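Undergrad:
Chains as they are written, first to last, in this note's numbering: chain A, 12 to 505; chain B, 803 to 1174; chain C, 803 to 1174.
Below, the structure is given as structure tokens:
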């Protein structure tokens, strides 16, 4: 929030990190996908239903009814408008406001796209042009061209373009990949477009950043996504520990106490380097992604040969307890996290059928066309089989950005006066006035709260802020303590 | 992005330089590996006196300059003239300033230790690049075809090589070099085409024999009963129209030119040919790794682009290899840039960052550092 | 169940480790008894730097590591490298945590007192197992064939032994050790097969001579008129197809290899052979127990698996033994795991619980406790 010179509002700026792409295609049993879907099928704006070519029964869209469909505390009908109206206010063009919708339905349809094995062949052949037709139209595509690209992905290995055939299992999976890809991008776009409106000409002198992200969560199962988040947090933490060190040291300087101490951040640098530094996890992760014939297993070994025994924060797992398999544990400030490396290579490659993307790139639906541009502009760079996508501006890592973004962030965080807020969850059971112990205890460790207490206690536990000191105790030598507190907010307590 | 965008990949060849940004799919810059020095004093209209010319301006103006090739058979032979080609690559071709770009370079198969140290000395000390890295060419070609073990038959403009690679380490004692490549091949076509009763008299006749070789040449399988076919005279013939009308016909010689790669005897070479050499490399390697190499004959290089090269090689080594073996000749379409693409991939990779030799490593360890 | 499920059985050999859970019918884990140490610095793609390799990863990657065998002739010779093979067995092969599993181990026939105390020191003090037990190998083989008195001819990869056992107590002064086994036997086949006019040149040729020995080798009875038979050339010959097509033929040598076990003179050994040694063990024992040993020649070990080994031994000792005697050569089918199976039985047994050495016994009595 970019405040002006006077002190009155001037601009805003959003940025999104780590979106749960999986919901779009999946959902746990007690959960559900994004609201939008359920919003739309609610039927408050019936045109929409016919416009998108769907029904009102979610069980027609596998992608979005794997879990739950309705939530009592939510009125999908009301929201739909909220949403709707917001779009408008946000300045979106009707068309775009149309793309959004139309595009959000295509995705539903995709999950309905079905295929079958060609006879005597292990190839995938379309099981009908019922749905494709809709998806095609809704996206400003051609049914055929689409089903081909999907089935007979025309690749470019060597210096040419080699037409490759896919399996049934391969298609279903690629489709899902686009569905997710498209949704994401779109989401990104919306944000940008928002930002665009939120751009004013008026001068800006300062801003107030409000960061909302998740905190270090430990699961019996920790995958790639966990690392990314944990890493974010372990950084954020150090960010604090330092601010505190800086802060602390001012008092002892203001007062005249004689206390020497090392930055509290330092304690964490070990873990961070191991992740973000050159021969660290990410790198080994993002290099192997360049090896056309690497395995998760491959990656794994590379991870060890290089860090195992040589690095302290690096450890081989404890396979048992509440954990599900073995690969590698790390020693974060909050504790030991047991990480499972399986899918990483892929997840990190963001494999997308480029033939299809092609089609998008030349859609009749501008917006859809837009969203893909940046993929279309780096292809120059990865023209032949093997090599480096970055040559043409294509991502080389699933993780290559995350880092870039996380840096651009932690940098923005520095030219800032950090203000901290830790949100807590009392009981899993949803009951006011109650608290499970160990549940809150957990949070406290991973929060930073327990670490702030530590650093405090190093020592001189309780530390009173001066005004907070005046008020409560003035009364003790009332005359002389009040005078002190009033006369100099600090000098007073003195 | 700092260097995600920023990594450069320069593949130095005997005939062509391929260059561009790690990330791209193909080289942003491709140009001859020449440095022309004017034979006389004078100027072009509007320009100043130029001491030197590089790449295409050296080729185009060849009549008034003495042309020189810095890389003889894949090895840098003149370091004054190579620093000139690099300068041209950064500043004119890619138009980047080198002192803020990491640079991945390539070297040849048994490139002398001292050279890898010298181009590092010139990269860091005269171009002041932040960091650099030298990859071996066959090794980038393999890797660009996804794998890590295989044997690459690599063939460009001045050299042919066989580099058996196992889990990434190129095997020094099994590497073979055959000094007959696309350059030799254009000059042989030249003679079998003048010998067809022709004349490549002016320089506009000379240059295009090379464009005939690229467009119309073939590697026939059963080159035996292809000559026999030539004689019955089928519609096998192929006429090319010259810079002007002068429609030249090439029927037969069309494949007599790449049959030189299997029979060096066509050109007074006593060395063995491509397929035998693939094989000999292979019976020079460990026994347990020979099934791997056989199912992974990756081809790269401009001269391996002749259609039907792969089928001839397929059958050439099946019939020399023990029948219990699986033969597999991979020849991708982008192969004239495999090497480069393998570098683009690798250098844009997430894990490569920790192998870049930085000026910190160098100023502290000497050229020895990158030499490995 | 606490330990009914929970007892481990680890049989440490010169060539192979056999491991698994007491209760099972056969070893869950079988793998070479090697520990590889990399000759150079570097990594596999995706892995970290590894200081060491064990079992099959050491065999597969043998070209870049220095391989070492911890057990020479059945005795543990390097304790740093053995603790490495045990670690691998528990944590990677059986994937169990050792500190909650009783462990039955095996040792060799005249295993030095000090070793049985040392592996106990390492089992309890570095692996922290709840309880353990060391059985003698021939003794588990016998017992797995139901009985308690007999003489075991035990023959694996580095040693052969004869261990006369009476009501369970192996008889120290009658035990014979012959250092010629399956390892020696693969290398002799190697030479009689190169000598047949062949070449096991690459490492993929070396390894498979051992798979020829296992699949096609025989112990003929009347090895005399089997050579004679070879000459008339019957359909006695046998061709094996190599990793590739290269069909190698082995007619005769097929049995010249196990005739080495009866004639050590085939390999420049001056020692006596298997059958004479069975016998000599027996005329070194008490007189009254010799009818028992003769009717209970139990065979165990990978190298006693050559078909017709039992018939040759049957007739070999009948014709050395007094005719008043009953000869009986028991050779079960699972014999390459007799030792292990005997341990599985014993350790899963209802009465064995009271012989387990517990950490209570150890922390209180020192390694002496299990040493007996």
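Positions of the beta carbon are idealized from the N, C-alpha and C atoms, including for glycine.
1. Chain B partners of residue 300 of chain A, CB-CB under 8 Å?
2. Can you name the residues that DSSP bridges to residue 1099 of chain C?
3. Would you report the Cα separation of residue 208 of chain A and residue 26 of chain A, rounded to the nearest angstrom?
4. Listing by chain order, which chain B residues have their CB less than 8 Å from the CB of residue 444 of chain A?
5. Tell me whether residue 1068 of chain B sits in a helix, a strand or coil according to DSSP, three-state version.
6. Three-state secondary structure (DSSP) at residue 87 of chain A?
7. Shortest alpha-carbon distance to residue 930 of chain C belongs to which of C/885, C/1006 and C/1114?
8. On the three-pair Cβ rule with 8 Å, is the segment 941 to 958 of chain B touching the segment 966 to 974 of chain B?
9. If you pair each beta-carbon of the segment 1108 to 1118 of chain C with each one of the segment 903 to 914 of chain C, do three or more pairs fall below 8 Å?
10. Candidates B/1128, B/1004, B/1008 and B/981: which alpha carbon is nearest residue 989 of chain B's?
11. What's the gap between the Cα of residue 1100 of chain B and the Cα of residue 966 of chain B?
12. Going by DSSP in three states, residue 524 of chain A sits in which element: helix, strand or coil?
13. Which chain A residues are close to residue 931 of chain C, counting only those with a beta carbon under 8 Å from its beta carbon?
14. Between residue 429 of chain A and the rest of its own chain, which residues show a CB-CB distance below 6 Å, the 5 nearest in sequence each way excluded?
15. Determine the direct distance from the alpha carbon of residue 1172 of chain C to that of residue 918 of chain C, and round the result to whole angstroms.
16. Can you name the residues of chain C whose CB is closer than 7 Å to the CB of residue 915 of chain B?
17. Which one of A/306, A/325 and A/275 has the shortest CA to CA distance from residue 290 of chain A?
18. Which residues, in chain order, does the segment 1038 to 1068 of chain B contribute to contact with chain C at a C-beta distance below 8 Å?
19. Under 8 Å between C-beta atoms, does residue 833 of chain B make it to chain A?
20. Tell me, please, whether the CB atom of residue 825 of chain B is closer than 8 Å to any CB atom in chain A?
21. Is the shortest distance between the beta-carbon of residue 488 of chain A and the beta-carbons of chain B less than 8 Å?
22. Please report the straight-line C-alpha distance between residue 107 of chain A and residue 53 of chain A, rounded to a whole angstrom.
23. On the criterion of 16 or more Cβ atoms from any shown chain inside 10 Å, does residue 87 of chain A qualify as buried, or is it exposed?
24. Tell whether a beta-carbon distance below 8 Å holds between residue 139 of chain A and residue 1139 of chain B.
25. Tell me the DSSP secondary structure of residue 1174 of chain C in three-state form.
26. Note down, in chain order, each residue of its chain lying with its Cβ closer than 7 Å to the Cβ of residue 37 of chain A, except the 5 sequence neighbours on either side.
27. Could you give the DSSP three-state label for residue 179 of chain A: helix, strand or coil?
28. Going by alpha carbons, who is nearest to residue 1037 of chain B out of B/1053, B/865, B/1112 and B/1046?
29. Could you give the distance in angstroms between the alpha-carbon of residue 370 of chain A and the alpha-carbon of residue 151 of chain A?
30. Classify residue 1111 of chain C as helix, strand or coil using the three-state DSSP reduction.
31. Provide the residue span of the beta strand (DSSP E) that contains residue 1052 of chain B, from first to last.
32. Please decide whether residue 865 of chain C counts as near chain B, where near means a Cβ-Cβ distance under 8 Å.
33. Rounded to the nearest angstrom, what separates residue 17 of chain A and residue 499 of chain A at their Cα positions?
34. Provide the residue span of the alpha helix (DSSP H) that contains residue 457 of chain A, from first to last.
35. Which same chain residues end up closer than 7 Å to residue 226 of chain A when comparing Cβ atoms and leaving out the 5 residues on each side of it in sequence?
36. List the residues of chain B that residue 1003 of chain C touches, going by C-beta distances under 7 Å, in chain order.
TA: If we stick to the structure as given:
1. By Cβ distance, chain B contributes 1151, 1152 and 1153.
2. Looking at the DSSP output, residue 1099 of chain C sits in a beta bridge with C/953 and C/1131.
3. Spanning the two alpha carbons is a distance of roughly 14 Å.
4. None at all; the shortest Cβ gap to chain B is about 49 Å.
5. In this structure, residue 1068 of chain B counts as helix in the three-state DSSP scheme.
6. Here residue 87 of chain A sits in helix by DSSP.
7. For residue 930 of chain C, the nearest C-alpha among the options comes from C/885.
8. Look at the beta carbons and you see the segment 941 to 958 of chain B touching the segment 966 to 974 of chain B: at least three pairs across the two are nearer than 8 Å.
9. The answer is no - the segment 903 to 914 of chain C does not touch the segment 1108 to 1118 of chain C, with fewer than three Cβ pairs under 8 Å.
10. Cα-wise, what sits closest to residue 989 of chain B is B/1008.
11. When rounded, the distance between both Cα atoms is 10 Å.
12. This structure gives no information on residue 524 of chain A, because the portion of chain A shown stretches from 12 to 505.
13. Correct list: empty, because the minimum Cβ distance to chain A is about 17 Å.
14. The beta carbon of residue 429 of chain A sits closer than 6 Å to those of 254, all from its chain and outside the five residues before and after it, given in chain order.
15. C-alpha separation (whole angstroms): 8 Å.
16. Simply none; closest approach about 17 Å.
17. Nearest C-alpha to residue 290 of chain A: A/325.
18. Within the segment 1038 to 1068 of chain B, no residue has a Cβ that lies closer than 8 Å to any Cβ of chain C.
19. With 8 Å as the cut-off, residue 833 of chain B does not count as an interface residue toward chain A.
20. At a cut-off of 8 Å between beta carbons, residue 825 of chain B contacts chain A.
21. Using a Cβ-Cβ cut-off of 8 Å, residue 488 of chain A does not count as an interface residue toward chain B, since no Cβ of chain B sits closer than that to its own.
22. Answer to the nearest angstrom: the Cα atoms are 21 Å apart.
23. Residue 87 of chain A should be labelled buried.
24. Taking 8 Å as the Cβ cut-off, residue 139 of chain A and residue 1139 of chain B do not qualify as a contacting pair.
25. DSSP places residue 1174 of chain C in coil when its eight states are reduced to three.
26. For residue 37 of chain A, where only same-chain residues beyond five positions count, the Cβ hits under 7 Å are 77.
27. DSSP places residue 179 of chain A within a helical segment (H, G or I) once states are collapsed to three.
28. Nearest in C-alpha terms to residue 1037 of chain B, of all of B/1053, B/865, B/1112 and B/1046, is B/1053.
29. Roughly 9 Å separates the two Cα atoms.
30. Note: residue 1111 of chain C maps to helix in three-state DSSP.
31. Here the beta strand (DSSP E) through residue 1052 of chain B covers 1049 to 1052.
32. Yes, residue 865 of chain C counts as interfacial toward chain B.
33. Their backbone Cα atoms lie some 28 Å apart in a straight line.
34. It spans 448 to 458 - the alpha helix (DSSP H) in which residue 457 of chain A sits, taken as one unbroken run.
35. Within the same chain, residue 226 of chain A has close Cβ partners 244, 457 and 458.
36. Within chain B, 1089 have C-beta atoms less than 7 Å from the C-beta of residue 1003 of chain C, given in sequence order.
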